[PDB]
Amino acid sequence: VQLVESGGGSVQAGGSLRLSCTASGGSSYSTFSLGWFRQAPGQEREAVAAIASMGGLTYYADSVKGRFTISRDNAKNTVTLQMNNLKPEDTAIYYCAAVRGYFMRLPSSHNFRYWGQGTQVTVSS
């Protein structure tokens with residue numbers, strides 16, 4: 001299967017922005033646990049928020065908790081990351097990821113097998 005990252009763009013600090021991600025392919029979505037990762041120039045790729053399957057448990061990286069809000073729509077096979085108080089530290093390329101599995105902590109790259117191609121998000125003052 002493949003993942004398709006929607007949304008993205010450059011926004012002014014304090015502004016909002018909503019990344020979206022859809023799973024294309026056929027073989028059930030509710031079997032997947034999904035997660036948004038990001039990566040800025042220089043730093044390695046870190047996790048931002050994930051959402052387990054079989055219920056919808058969500059987990060967030062500290063730097064984004066409170067502002068970011070990940071969710072899922074199994075009917076539409078989509079994961080959604082809602083970023084509300086964007087700060088310049090959020091500036092990076094965000095990747096969507098998937099795995100037909102489960103977990104109960106904020107995951108790591110290691111947990112997913114399917115990845116999107118990345119989406120540039122730029123926050124400036």
# chains A, B, ... in the order shown; residues from 1 in each chain; ligands from 1

$ residues_around --residues "residue A:15" --least-positions-apart "5" --cutoff "12 Å" --atoms "only C-alpha atoms" --output "PyMOL selection string"
chain A and resi 9-10+67+82-88+90+121-125

$ select_by_dssp --residues "chain A" --states "strand (DSSP E)" --output "PyMOL selection string"
chain A and resi 2-6+9-12+17-24+33-39+46-51+58-60+68-73+78-83+92-99+114-115+119-124

$ closest_residue --among "A:49, A:56, A:14, A:109" --to "residue A:35" --atoms "only C-alpha atoms"
A:49

$ closest_residue --among "A:28, A:12, A:80, A:22" --to "residue A:101" --atoms "only C-alpha atoms"
A:28

$ closest_residue --among "A:11, A:1, A:96, A:50" --to "residue A:24" --atoms "only C-alpha atoms"
A:1

$ residues_around --residues "residue A:43" --least-positions-apart "3" --cutoff "12 Å" --atoms "only C-alpha atoms" --output "number ranges by chain"
A: 38-40, 46, 89, 91-93

$ atom_distance --atom1 "atom CA of residue A:72" --atom2 "atom CA of residue A:41"
28.5 Å

$ closest_residue --among "A:47, A:17, A:4, A:23" --to "residue A:105" --atoms "only C-alpha atoms"
A:47

$ residues_around --residues "residue A:95" --least-positions-apart "5" --cutoff "9 Å" --atoms "only C-alpha atoms" --output "NGL selection string"
:A and (5 or 35-39 or 115-119)

$ atom_distance --atom1 "atom CA of residue A:71" --atom2 "atom CA of residue A:27"
22.0 Å

$ atom_distance --atom1 "atom CA of residue A:100" --atom2 "atom CA of residue A:33"
6.3 Å

$ closest_residue --among "A:48, A:54, A:21, A:104" --to "residue A:68" --atoms "only C-alpha atoms"
A:48

$ select_by_dssp --residues "chain A" --states "helix (DSSP H, G or I)" --output "PyMOL selection string"
chain A and resi 29-31+62-64+88-90+109-111
